[PDB]
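Colleague: Here's a structure for you.
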Amino acid sequence: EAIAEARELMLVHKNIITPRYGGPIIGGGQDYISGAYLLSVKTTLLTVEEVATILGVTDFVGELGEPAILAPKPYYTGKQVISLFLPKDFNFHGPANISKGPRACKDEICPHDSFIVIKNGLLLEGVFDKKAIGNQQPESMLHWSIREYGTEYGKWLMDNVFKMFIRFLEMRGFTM
Amino acid sequence: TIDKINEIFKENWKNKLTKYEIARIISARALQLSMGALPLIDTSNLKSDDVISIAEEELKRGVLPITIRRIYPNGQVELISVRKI
Amino acid sequence: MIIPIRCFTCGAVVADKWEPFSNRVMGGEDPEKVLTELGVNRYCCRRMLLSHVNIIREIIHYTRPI
Amino acid sequence: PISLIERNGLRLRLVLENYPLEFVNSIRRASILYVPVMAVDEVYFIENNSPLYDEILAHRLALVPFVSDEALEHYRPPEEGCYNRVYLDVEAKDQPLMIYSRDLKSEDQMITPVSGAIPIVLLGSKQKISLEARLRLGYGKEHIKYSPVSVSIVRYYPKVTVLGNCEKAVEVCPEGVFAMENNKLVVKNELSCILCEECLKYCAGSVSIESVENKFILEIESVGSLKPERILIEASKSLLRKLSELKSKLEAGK
Amino acid sequence: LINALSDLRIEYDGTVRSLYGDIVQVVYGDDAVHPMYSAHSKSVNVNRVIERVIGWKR
Amino acid sequence: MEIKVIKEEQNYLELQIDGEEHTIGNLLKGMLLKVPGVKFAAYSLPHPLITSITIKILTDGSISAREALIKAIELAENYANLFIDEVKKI
Amino acid sequence: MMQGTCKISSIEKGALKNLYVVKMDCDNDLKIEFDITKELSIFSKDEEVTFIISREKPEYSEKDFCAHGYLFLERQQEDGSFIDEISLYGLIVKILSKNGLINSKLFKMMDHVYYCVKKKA
Amino acid sequence: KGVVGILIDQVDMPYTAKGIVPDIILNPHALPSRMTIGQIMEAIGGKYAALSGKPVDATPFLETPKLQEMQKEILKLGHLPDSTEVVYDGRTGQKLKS
Ligand code: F3S
Ligand SMILES: [Zn+2]
Ligand SMILES: [Zn+2]
């Protein structure tokens, strides 16, 4: 009975959102945020081999699809790689954490990809930051996704996508 | 008719099952299966031999006969069935 | 205590180079040229040869009887 | 195709023209790991009065490399029972005695330490040491004392071109890839480039740096246990053995 | 605080009466919404629902 | 080396190899990406403390995933043989 | 749909570190500003090219620029011209023209579509 | 201060063009919140000390040599002035983008 009560009530994924406030207590640390940001920059481009290495860590098998850039060279954008994990009906229009000062235009038209635009499960614009996947951040993209698709989807997304972020930061190079 | 929110609460929890009641049902069924009670679902074709997993799958299916009687503070008692025939 | 047989970073033998390097540096030659012509170009081995203490010379006096 | 750049003592540099990066990386990894080299496995201590404890001395003996070019065929690999034996039995008289690897008597005369200048331990006055080490072939995967190469590098093939004369590029670049002769900027060591892009960063228009897709530069530095060419051959043989065994298991499963 | 507040419980009618029977609140939080399941401090973020429905054509 | 097969199909295969580190997995991933017909091939080290890899192959359906893996092994063997032959003359 | 000859005006340095904005003047008072990266820089200033935006996949060559993305952000400026932004999975192509894409019923909102710009030779 | 997260083999560690692999890898995110610039200064000083072989004095308020001369000498010996260097991924063999 103790084991059953521990499993059905105190499992970690069921308690992702803290009772203190309506926000996720589990989320991207400092390194996950940097990896997600560098993967979600508008300028990133990934070849087929790099995409395969990135997605190897995740437990994802499926059709990659046509690369976002077909000519001159086949390139997969980091947002395209990310969008394979978002649910196919998920809409978000929040600003990113980088739009916290002068560089913010408070609109989805800013040339700086500081405004997260996700439509039908496609990361069309913006970058992931502390305000997108960060821990202790209520009303974030991760918080909305968990609240709308259950803690089991929350755990699945965390594992796979965050391992992908760390792998990309491994293969790009982050130093001081 | 204590308040509108009280009525909303009461009509909401009539047809649903709280996580405490789910945990109690699963623990009771697991304890029963451990002592030697015969499972109702098909034993074979299950990836997990754990008793807890079998009880959880039984609860998800709804085969196990368990009725939860909740006693309201005013004396009203509500019976909720898990059979889901 | 005693110089390691191999460089910690890369498994390159530096123990045999302790005596020549130490003797020539103590003789009055700058360690850079001695290291360069001795055959250690990676600074991982240079820190092995440069930052050594040779405690074993003092310990042989204070040795456990056993 | 494979083209030799420089063949120094215990060093080998090659250019591979048509090989995927995955294969070349597997070659370097197998050179570090999957090439057998004879090294000390167990040590029997009859007597030890040395300042170094038994485990420290055994570790130092294990880290000493032995030449084993002819021992690969005469001794069974660890996956298969034949171990060599090496004796060390000395004693100081009145003054400290630094005993080197040259006084490591071996049962098999062909197997000797790489260099006799390696200092094993220093003995105080009237200190006697006596031990027998049992050498055994092993791969670098089990322990790092079995690795035949001190370092193995696989890097991209550089293509650096000078576009005009620039005086800064000769002093910007850490490598000697640039030279200033007769008031002209030329490339002396094109293959010594590491694609640092400082050369491109300070003088962007004067120099163009690119990487050649098909070619790669593979460098290995041995420790004296094996010839570098033999190290590469043994690494490729180990890869072949693993691939053949995997293919056999896949066929059996089918 | 824990020793003072340990006895409170949520009942089946929405009240927060203690185990000794003393009622503390007729309704918990005035809307019977647990903070864990609320969108931050809001039971329902209406703008979030609007997004969920018409964000693709927003 | 032990071998285990998971979720095997005509176009999709997963296969856990026990006893091989990053080297064999990366070699096989490269050769699988080289052989035509393979839509998506990737290896993974589930835990670095445990020396066991997992290779996931998804094929367009023209050739079987197991056959694609065998072709990749053949390509790797050909490359190794050519490398040996070229080194020996050097 | 919506194909025409055009001349590129300038290649801006761009907001990001490795992003260049290619500005393009087309016919019928149409302008296109699309983002490129250092590798995707097959374009030179004052060159005349031709662009196509079609639901179906068109023919392309290694010397061409081809991509696919989802159209979104239909807006009407206070002036009266319409502004559209097609997202090549992150790479923004910004189209300013009269009688915008969704207004003229050429495309639906959030529809997959290929954008291909090719040099003239 | 910190525990050892994992022990990584020489083959797996990211090697440089000269083949020198790290002995200890430290997360850059530990630096900016703790504001320990002395650690990077000591890293550069140790690299210069190993390369040039000359002694390094880092006594507060008076260091010999200064940072700029150390960087210039590091460039002279054969490495990058800013103590960075080209690193290839050990597992896959691919050069890091930075
Ligand atoms: S060493 Fe070589 S290729 Fe470029 S930046 Fe430095 S020159
Ligand atoms: Zn901005
Ligand atoms: Zn070294």
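Naming scheme: A, B, ... for chains in displayed order of the structure tokens; residues 1 onward per chain; ligands 1 onward as shown.
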What residues in chain E have any atom no more than 7 Å from chain B when counting only C-alpha atoms, and can you write them as a PyMOL selection string?
Modeller: chain E and resi 12-14+27+31
Colleague: Store the residues of this selection in a file with C-alpha atoms, as a PDB file, in the first residue's frame.
Modeller:
ATOM      1  CA  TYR E  12     -16.821  17.268  -0.226  1.00  0.00           C
ATOM      2  CA  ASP E  13     -18.942  20.449  -0.142  1.00  0.00           C
ATOM      3  CA  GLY E  14     -15.989  22.797  -0.702  1.00  0.00           C
ATOM      4  CA  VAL E  27     -15.348  27.994   0.083  1.00  0.00           C
ATOM      5  CA  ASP E  31     -13.519  29.657  -6.097  1.00  0.00           C
TER       6      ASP E  31
END
Colleague: Determine, counting only C-alpha atoms, which protein, DNA and RNA residues have an atom within 6 Å of an atom of residue 151 of chain A; residues of the same chain fewer than 5 positions away are not included. Present the result as a list in words.
Modeller: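 Listing them by chain and then by number gives residues 13, 14 and 146 of chain A.
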Colleague: Output N, CA and C atoms for every residue in that selection, as a JSON list (two decimals), in the first residue's frame.
Modeller:
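As a result, selection-v9.json now contains:
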[["chain", "number", "residue", "atom", "x", "y", "z"],
["A", 13, "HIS", "N", 6.85, 13.38, -11.89],
["A", 13, "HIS", "CA", 6.25, 14.08, -13.02],
["A", 13, "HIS", "C", 4.86, 14.62, -12.68],
["A", 14, "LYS", "N", 4.14, 13.97, -11.77],
["A", 14, "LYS", "CA", 2.83, 14.47, -11.37],
["A", 14, "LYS", "C", 2.92, 15.78, -10.59],
["A", 146, "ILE", "N", 2.39, 21.90, -20.59],
["A", 146, "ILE", "CA", 2.12, 20.92, -19.54],
["A", 146, "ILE", "C", 0.66, 21.00, -19.11]]
Colleague: Neighbours of ligand 3 within 7 Å, counting only C-alpha atoms and all ligand atoms, as a list in words?
Modeller: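 If we count only C-alpha atoms and all ligand atoms, the neighbours of ligand 3 turn out to be residues 7, 8, 9, 10, 11, 12, 42, 43, 44 and 45 of chain C.
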Colleague: Those selected residues, please, written with C-alpha atoms and delivered as a CSV table (one decimal), in the first residue's frame.
Modeller:
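Output file again_32.csv follows:
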chain,number,residue,atom,x,y,z
C,7,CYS,CA,52.0,12.8,-18.5
C,8,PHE,CA,48.5,12.8,-17.0
C,9,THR,CA,46.9,14.5,-20.0
C,10,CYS,CA,48.5,12.5,-22.8
C,11,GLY,CA,50.2,9.2,-22.0
C,12,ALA,CA,53.7,10.4,-22.9
C,42,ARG,CA,52.9,20.2,-25.6
C,43,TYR,CA,52.4,22.4,-22.5
C,44,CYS,CA,50.6,19.5,-20.8
C,45,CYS,CA,54.0,17.7,-20.5
Colleague: Please identify all protein, DNA and RNA residues within 10 Å of ligand 1, counting only C-alpha atoms and all ligand atoms, and report them as JSON, numbers by chain.
Modeller: {"D": [157, 158, 159, 160, 161, 169, 170, 171, 172, 173, 174, 175, 176, 177, 178, 187, 189, 190, 191, 192, 193, 194, 195, 196, 197, 198, 199, 200, 201, 202, 203, 207, 208, 209, 210, 211], "H": [78, 79, 80, 86]}
Colleague: Generate a file of the selected residues that holds N, CA, C and O atoms, formatted as a short mmCIF file (atom, residue, chain, number, x, y, z; two decimals), in the first residue's frame.
Modeller:
data_model
loop_
_atom_site.label_atom_id
_atom_site.label_comp_id
_atom_site.auth_asym_id
_atom_site.auth_seq_id
_atom_site.Cartn_x
_atom_site.Cartn_y
_atom_site.Cartn_z
N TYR D 157 41.31 19.20 -43.33
CA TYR D 157 42.33 19.63 -44.28
C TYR D 157 42.14 21.11 -44.59
O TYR D 157 41.06 21.51 -45.04
N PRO D 158 43.15 21.95 -44.37
CA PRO D 158 43.00 23.38 -44.63
C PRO D 158 43.36 23.77 -46.05
O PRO D 158 44.22 23.18 -46.70
N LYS D 159 42.66 24.79 -46.54
CA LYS D 159 42.94 25.41 -47.83
C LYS D 159 42.98 26.91 -47.58
O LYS D 159 41.93 27.55 -47.48
N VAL D 160 44.18 27.46 -47.46
CA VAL D 160 44.38 28.87 -47.16
C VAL D 160 45.02 29.53 -48.37
O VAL D 160 45.99 29.01 -48.94
N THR D 161 44.45 30.65 -48.80
CA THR D 161 44.92 31.38 -49.96
C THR D 161 45.12 32.84 -49.60
O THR D 161 44.31 33.42 -48.87
N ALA D 169 49.01 39.62 -41.18
CA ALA D 169 48.67 38.20 -41.14
C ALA D 169 49.84 37.34 -40.69
O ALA D 169 49.62 36.27 -40.12
N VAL D 170 51.07 37.78 -40.94
CA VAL D 170 52.22 36.97 -40.56
C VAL D 170 52.35 36.89 -39.04
O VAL D 170 52.83 35.88 -38.50
N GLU D 171 51.94 37.94 -38.32
CA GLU D 171 52.05 37.96 -36.87
C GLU D 171 50.74 37.61 -36.17
O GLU D 171 50.77 37.27 -34.98
N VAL D 172 49.61 37.70 -36.86
CA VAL D 172 48.34 37.30 -36.25
C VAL D 172 48.30 35.79 -36.03
O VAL D 172 47.92 35.32 -34.96
N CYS D 173 48.66 35.02 -37.04
CA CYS D 173 48.38 33.59 -37.02
C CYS D 173 49.34 32.87 -36.08
O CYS D 173 50.56 33.03 -36.22
N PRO D 174 48.84 32.10 -35.12
CA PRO D 174 49.75 31.38 -34.21
C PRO D 174 50.66 30.40 -34.93
O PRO D 174 51.81 30.21 -34.51
N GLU D 175 50.18 29.76 -35.99
CA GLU D 175 51.00 28.84 -36.76
C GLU D 175 51.78 29.60 -37.83
O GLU D 175 51.43 30.71 -38.22
N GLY D 176 52.85 28.97 -38.30
CA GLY D 176 53.70 29.59 -39.30
C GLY D 176 53.18 29.40 -40.72
O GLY D 176 53.97 29.21 -41.65
N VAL D 177 51.86 29.46 -40.89
CA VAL D 177 51.26 29.27 -42.20
C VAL D 177 51.56 30.43 -43.15
O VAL D 177 51.44 30.26 -44.37
N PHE D 178 51.97 31.58 -42.63
CA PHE D 178 52.23 32.76 -43.44
C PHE D 178 53.68 33.19 -43.29
O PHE D 178 54.26 33.08 -42.20
N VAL D 187 52.34 31.63 -48.40
CA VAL D 187 52.05 30.54 -47.47
C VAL D 187 53.23 29.58 -47.48
O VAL D 187 53.64 29.09 -48.55
N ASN D 189 53.61 26.88 -44.73
CA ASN D 189 53.10 25.61 -44.23
C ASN D 189 51.57 25.67 -44.29
O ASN D 189 50.92 26.01 -43.31
N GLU D 190 51.02 25.33 -45.46
CA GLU D 190 49.57 25.34 -45.61
C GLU D 190 48.91 24.30 -44.71
O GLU D 190 47.85 24.55 -44.12
N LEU D 191 49.53 23.13 -44.59
CA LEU D 191 48.96 22.03 -43.81
C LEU D 191 49.15 22.20 -42.31
O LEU D 191 48.63 21.39 -41.54
N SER D 192 49.88 23.23 -41.88
CA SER D 192 50.02 23.52 -40.47
C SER D 192 48.88 24.37 -39.93
O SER D 192 48.86 24.67 -38.73
N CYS D 193 47.94 24.77 -40.79
CA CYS D 193 46.79 25.54 -40.34
C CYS D 193 45.88 24.70 -39.45
O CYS D 193 45.76 23.49 -39.63
N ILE D 194 45.23 25.36 -38.49
CA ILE D 194 44.27 24.73 -37.60
C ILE D 194 42.89 25.35 -37.73
O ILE D 194 42.01 25.07 -36.91
N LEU D 195 42.67 26.18 -38.75
CA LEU D 195 41.38 26.83 -38.99
C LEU D 195 40.95 27.67 -37.78
O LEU D 195 39.79 27.63 -37.35
N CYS D 196 41.89 28.43 -37.22
CA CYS D 196 41.59 29.27 -36.07
C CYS D 196 40.76 30.49 -36.44
O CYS D 196 40.00 31.00 -35.61
N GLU D 197 40.90 30.98 -37.68
CA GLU D 197 40.16 32.11 -38.24
C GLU D 197 40.56 33.45 -37.64
O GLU D 197 39.90 34.46 -37.92
N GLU D 198 41.61 33.50 -36.81
CA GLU D 198 42.23 34.78 -36.48
C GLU D 198 42.85 35.43 -37.71
O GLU D 198 42.73 36.64 -37.92
N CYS D 199 43.53 34.61 -38.52
CA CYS D 199 44.06 35.07 -39.79
C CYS D 199 42.97 35.76 -40.61
O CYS D 199 43.21 36.78 -41.26
N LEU D 200 41.77 35.19 -40.59
CA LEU D 200 40.63 35.81 -41.26
C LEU D 200 40.04 36.95 -40.43
O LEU D 200 39.43 37.86 -41.00
N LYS D 201 40.18 36.91 -39.11
CA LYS D 201 39.49 37.88 -38.27
C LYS D 201 40.14 39.26 -38.34
O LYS D 201 39.45 40.27 -38.40
N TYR D 202 41.48 39.31 -38.32
CA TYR D 202 42.12 40.63 -38.32
C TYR D 202 42.29 41.20 -39.72
O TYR D 202 42.20 42.41 -39.91
N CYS D 203 42.52 40.35 -40.72
CA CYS D 203 42.60 40.78 -42.12
C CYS D 203 41.63 39.93 -42.93
O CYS D 203 42.00 38.87 -43.44
N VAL D 207 43.08 37.39 -46.88
CA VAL D 207 43.29 35.95 -46.84
C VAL D 207 41.93 35.26 -46.83
O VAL D 207 40.98 35.74 -46.20
N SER D 208 41.83 34.12 -47.52
CA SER D 208 40.64 33.29 -47.53
C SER D 208 40.99 31.90 -47.01
O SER D 208 41.92 31.26 -47.52
N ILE D 209 40.24 31.44 -46.02
CA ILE D 209 40.47 30.14 -45.38
C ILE D 209 39.24 29.28 -45.59
O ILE D 209 38.11 29.74 -45.38
N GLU D 210 39.45 28.03 -46.01
CA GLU D 210 38.37 27.08 -46.17
C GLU D 210 38.84 25.70 -45.75
O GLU D 210 40.04 25.47 -45.56
N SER D 211 37.89 24.78 -45.59
CA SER D 211 38.23 23.40 -45.32
C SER D 211 37.88 22.52 -46.51
O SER D 211 36.84 22.69 -47.15
N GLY H 78 53.23 29.93 -29.81
CA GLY H 78 52.56 29.13 -30.82
C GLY H 78 51.08 28.89 -30.61
O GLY H 78 50.45 28.22 -31.43
N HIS H 79 50.52 29.42 -29.53
CA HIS H 79 49.11 29.26 -29.24
C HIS H 79 48.38 30.59 -29.40
O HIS H 79 48.99 31.64 -29.65
N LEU H 80 47.06 30.54 -29.27
CA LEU H 80 46.25 31.73 -29.48
C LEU H 80 46.45 32.72 -28.33
O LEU H 80 46.58 32.30 -27.18
N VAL H 86 41.52 25.69 -31.05
CA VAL H 86 40.58 24.93 -31.86
C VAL H 86 40.40 23.54 -31.26
O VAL H 86 41.38 22.83 -30.99
#
Colleague: Select the residues contacting ligand 2 at a distance of at most 9 Å, based on only C-alpha atoms and all ligand atoms, then format the selection as number ranges by chain.
Modeller: A: 98-99, 102-106, 109-115; G: 15
Colleague: What would the file look like if the residues just selected were written as a short mmCIF file (atom, residue, chain, number, x, y, z; two decimals), in the first residue's frame with N, CA and C atoms?
Modeller:
data_model
loop_
_atom_site.label_atom_id
_atom_site.label_comp_id
_atom_site.auth_asym_id
_atom_site.auth_seq_id
_atom_site.Cartn_x
_atom_site.Cartn_y
_atom_site.Cartn_z
N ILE A 98 14.88 37.69 -24.08
CA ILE A 98 15.81 38.68 -24.61
C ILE A 98 15.13 40.00 -24.90
N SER A 99 13.80 40.01 -25.02
CA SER A 99 13.05 41.24 -25.26
C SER A 99 12.61 41.87 -23.94
N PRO A 102 15.79 47.61 -24.34
CA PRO A 102 15.64 48.46 -25.54
C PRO A 102 15.37 47.68 -26.81
N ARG A 103 15.93 46.48 -26.95
CA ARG A 103 15.80 45.71 -28.18
C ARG A 103 14.39 45.16 -28.39
N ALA A 104 13.51 45.27 -27.40
CA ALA A 104 12.15 44.77 -27.52
C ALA A 104 11.31 45.72 -28.35
N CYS A 105 10.57 45.17 -29.32
CA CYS A 105 9.60 45.93 -30.10
C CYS A 105 8.16 45.65 -29.70
N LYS A 106 7.94 44.70 -28.79
CA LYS A 106 6.60 44.36 -28.29
C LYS A 106 5.66 43.99 -29.43
N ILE A 109 6.82 41.48 -35.27
CA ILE A 109 7.45 41.98 -36.48
C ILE A 109 8.91 42.35 -36.27
N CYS A 110 9.42 42.20 -35.05
CA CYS A 110 10.78 42.61 -34.75
C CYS A 110 11.78 41.79 -35.56
N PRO A 111 12.75 42.42 -36.23
CA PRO A 111 13.79 41.63 -36.91
C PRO A 111 14.57 40.75 -35.97
N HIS A 112 14.80 41.21 -34.74
CA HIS A 112 15.37 40.36 -33.71
C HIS A 112 14.33 39.34 -33.29
N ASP A 113 14.67 38.05 -33.40
CA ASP A 113 13.71 36.99 -33.09
C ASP A 113 13.51 36.89 -31.58
N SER A 114 12.92 37.95 -31.03
CA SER A 114 12.65 38.06 -29.60
C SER A 114 11.18 37.85 -29.27
N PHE A 115 10.34 37.60 -30.27
CA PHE A 115 8.91 37.38 -30.07
C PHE A 115 8.60 35.96 -30.52
N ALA G 15 20.64 42.21 -38.41
CA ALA G 15 20.61 42.42 -36.96
C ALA G 15 21.54 41.44 -36.25
#
Colleague: May I have a table of the residues of chain H lying at most 9 Å from chain D, giving each one's closest pair of atoms and their distance in Å to one decimal, counting only C-alpha atoms, ordered by chain and ascending residue number, as JSON lines?
Modeller:
{"residue": "H:9", "atom": "CA", "partner": "D:144", "partner_atom": "CA", "distance": 8.7}
{"residue": "H:10", "atom": "CA", "partner": "D:32", "partner_atom": "CA", "distance": 8.6}
{"residue": "H:11", "atom": "CA", "partner": "D:29", "partner_atom": "CA", "distance": 6.1}
{"residue": "H:12", "atom": "CA", "partner": "D:29", "partner_atom": "CA", "distance": 8.7}
{"residue": "H:15", "atom": "CA", "partner": "D:153", "partner_atom": "CA", "distance": 7.5}
{"residue": "H:16", "atom": "CA", "partner": "D:153", "partner_atom": "CA", "distance": 7.8}
{"residue": "H:17", "atom": "CA", "partner": "D:194", "partner_atom": "CA", "distance": 6.3}
{"residue": "H:18", "atom": "CA", "partner": "D:153", "partner_atom": "CA", "distance": 7.2}
{"residue": "H:19", "atom": "CA", "partner": "D:153", "partner_atom": "CA", "distance": 5.5}
{"residue": "H:20", "atom": "CA", "partner": "D:151", "partner_atom": "CA", "distance": 7.7}
{"residue": "H:74", "atom": "CA", "partner": "D:174", "partner_atom": "CA", "distance": 8.9}
{"residue": "H:75", "atom": "CA", "partner": "D:174", "partner_atom": "CA", "distance": 5.8}
{"residue": "H:76", "atom": "CA", "partner": "D:174", "partner_atom": "CA", "distance": 7.2}
{"residue": "H:77", "atom": "CA", "partner": "D:174", "partner_atom": "CA", "distance": 8.0}
{"residue": "H:78", "atom": "CA", "partner": "D:174", "partner_atom": "CA", "distance": 4.9}
{"residue": "H:79", "atom": "CA", "partner": "D:174", "partner_atom": "CA", "distance": 5.4}
{"residue": "H:80", "atom": "CA", "partner": "D:174", "partner_atom": "CA", "distance": 5.9}
{"residue": "H:81", "atom": "CA", "partner": "D:174", "partner_atom": "CA", "distance": 8.2}
{"residue": "H:85", "atom": "CA", "partner": "D:196", "partner_atom": "CA", "distance": 7.3}
{"residue": "H:86", "atom": "CA", "partner": "D:196", "partner_atom": "CA", "distance": 6.1}
{"residue": "H:88", "atom": "CA", "partner": "D:155", "partner_atom": "CA", "distance": 7.4}
{"residue": "H:90", "atom": "CA", "partner": "D:25", "partner_atom": "CA", "distance": 8.0}
{"residue": "H:91", "atom": "CA", "partner": "D:25", "partner_atom": "CA", "distance": 7.9}
{"residue": "H:92", "atom": "CA", "partner": "D:22", "partner_atom": "CA", "distance": 6.7}
{"residue": "H:93", "atom": "CA", "partner": "D:25", "partner_atom": "CA", "distance": 5.4}
{"residue": "H:94", "atom": "CA", "partner": "D:21", "partner_atom": "CA", "distance": 7.7}
{"residue": "H:95", "atom": "CA", "partner": "D:155", "partner_atom": "CA", "distance": 7.6}
Colleague: Give me a file of those residues, with C-alpha atoms, as a CSV table (one decimal), in the first residue's frame.
Modeller:
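And here is the file that came out, selection20.csv:
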chain,number,residue,atom,x,y,z
H,9,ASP,CA,38.0,8.6,-21.2
H,10,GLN,CA,40.7,10.3,-23.3
H,11,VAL,CA,39.0,9.2,-26.5
H,12,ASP,CA,35.7,10.8,-25.6
H,15,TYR,CA,40.8,17.1,-28.2
H,16,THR,CA,42.5,20.1,-29.7
H,17,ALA,CA,44.5,20.4,-33.0
H,18,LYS,CA,47.7,19.6,-31.0
H,19,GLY,CA,45.9,16.7,-29.3
H,20,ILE,CA,45.9,18.0,-25.8
H,74,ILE,CA,51.5,33.0,-25.6
H,75,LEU,CA,51.0,34.1,-29.2
H,76,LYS,CA,54.7,34.0,-29.8
H,77,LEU,CA,55.1,30.5,-28.4
H,78,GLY,CA,52.6,29.1,-30.8
H,79,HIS,CA,49.1,29.3,-29.2
H,80,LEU,CA,46.3,31.7,-29.5
H,81,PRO,CA,46.7,35.0,-27.5
H,85,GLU,CA,42.2,27.0,-29.2
H,86,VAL,CA,40.6,24.9,-31.9
H,88,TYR,CA,37.5,18.8,-32.2
H,90,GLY,CA,36.3,13.4,-29.6
H,91,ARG,CA,33.2,11.2,-30.1
H,92,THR,CA,32.2,12.2,-33.6
H,93,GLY,CA,35.5,13.8,-34.8
H,94,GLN,CA,33.8,17.0,-35.9
H,95,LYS,CA,35.3,20.4,-35.2
Colleague: Up to 12 Å from chain D, what residues of chain C turn up? Count only C-alpha atoms and give them as a ChimeraX atom specification.
Modeller: /C:1-20,39,42,44-45,54-66
Colleague: Which residues, written as a list in words, have at least one atom at most 7 Å from segment 43-56 of chain B, with only C-alpha atoms counted and residues fewer than 3 positions away on the same chain left out?
Modeller: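 Using only C-alpha atoms, the neighbours found are residues 4 of chain A; 26, 29, 30, 33, 34, 59 and 60 of chain B.
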Colleague: Within 7 Å of segment 136-139 of chain A, counting only C-alpha atoms, which residues qualify if same-chain residues fewer than 2 places away don't, as a ChimeraX atom specification?
Modeller: /A:22-25,131,134,141,143-144 /E:39-40
Colleague: Based on the selection just made, write N, CA, C and O atoms of those residues as a CSV table (one decimal), in the first residue's frame.
Modeller:
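Written output follows (out03.csv):
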chain,number,residue,atom,x,y,z
A,22,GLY,N,1.0,28.9,-9.4
A,22,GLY,CA,0.7,28.2,-10.6
A,22,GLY,C,1.8,28.2,-11.6
A,22,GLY,O,1.6,28.8,-12.7
A,23,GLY,N,2.9,27.6,-11.3
A,23,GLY,CA,4.1,27.7,-12.2
A,23,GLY,C,4.9,26.4,-12.1
A,23,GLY,O,5.0,25.8,-11.0
A,24,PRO,N,5.6,26.0,-13.2
A,24,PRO,CA,6.4,24.8,-13.2
A,24,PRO,C,7.7,25.0,-12.3
A,24,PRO,O,8.5,25.9,-12.5
A,25,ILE,N,7.8,24.1,-11.3
A,25,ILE,CA,9.0,24.1,-10.5
A,25,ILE,C,10.2,23.3,-11.2
A,25,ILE,O,11.4,23.5,-10.9
A,131,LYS,N,12.0,32.5,-20.3
A,131,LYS,CA,10.6,32.8,-20.4
A,131,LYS,C,9.9,31.8,-21.3
A,131,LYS,O,8.6,31.9,-21.4
A,134,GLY,N,12.1,28.0,-19.1
A,134,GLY,CA,12.8,28.1,-17.8
A,134,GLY,C,11.9,27.6,-16.7
A,134,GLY,O,10.7,27.6,-16.7
A,141,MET,N,5.8,29.0,-22.1
A,141,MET,CA,5.4,28.0,-23.1
A,141,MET,C,5.3,26.6,-22.6
A,141,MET,O,4.4,25.8,-22.8
A,143,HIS,N,5.0,25.8,-19.4
A,143,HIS,CA,3.9,25.7,-18.4
A,143,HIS,C,2.5,25.5,-19.1
A,143,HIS,O,1.7,24.7,-18.7
A,144,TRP,N,2.3,26.3,-20.2
A,144,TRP,CA,1.0,26.1,-20.9
A,144,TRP,C,1.0,24.7,-21.6
A,144,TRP,O,-0.1,24.1,-21.5
E,39,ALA,N,-3.7,28.5,-13.4
E,39,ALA,CA,-2.8,29.2,-14.3
E,39,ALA,C,-2.2,30.4,-13.6
E,39,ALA,O,-2.8,31.5,-13.7
E,40,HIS,N,-1.1,30.3,-12.9
E,40,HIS,CA,-0.5,31.3,-12.0
E,40,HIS,C,-1.6,31.6,-10.9
E,40,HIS,O,-2.0,30.6,-10.2
Colleague: Could you list, as number ranges by chain, every residue of chain H that has an atom within 10 Å of an atom of chain A, counting only C-alpha atoms?
Modeller: H: 14, 26-32, 40, 84, 87-89, 92, 94-98
Colleague: Write down as a PyMOL selection string the residues belonging to chain C that are assigned helix (DSSP H, G or I) by DSSP computed on the backbone.
Modeller: chain C and resi 15-27+31-38+43-50+56-59
Colleague: Please tabulate, as a Markdown table, the residues of chain G that come within 10 Å of chain E, each with its closest pair of atoms and the distance in Å to one decimal, counting only C-alpha atoms and ordering rows by chain, then residue number upward.
Modeller:
| residue | atom | partner | partner_atom | distance |
| --- | --- | --- | --- | --- |
| G:72 | CA | E:57 | CA | 7.8 |
| G:73 | CA | E:58 | CA | 7.9 |
| G:74 | CA | E:57 | CA | 9.1 |
| G:108 | CA | E:57 | CA | 9.7 |
| G:109 | CA | E:57 | CA | 6.4 |
| G:110 | CA | E:56 | CA | 6.8 |
Colleague: Using only C-alpha atoms and a distance of at most 8 Å, pull out the residues of chain B that contact chain A, as a PyMOL selection string.
Modeller: chain B and resi 19-20+22-24+26-28+30-31+52
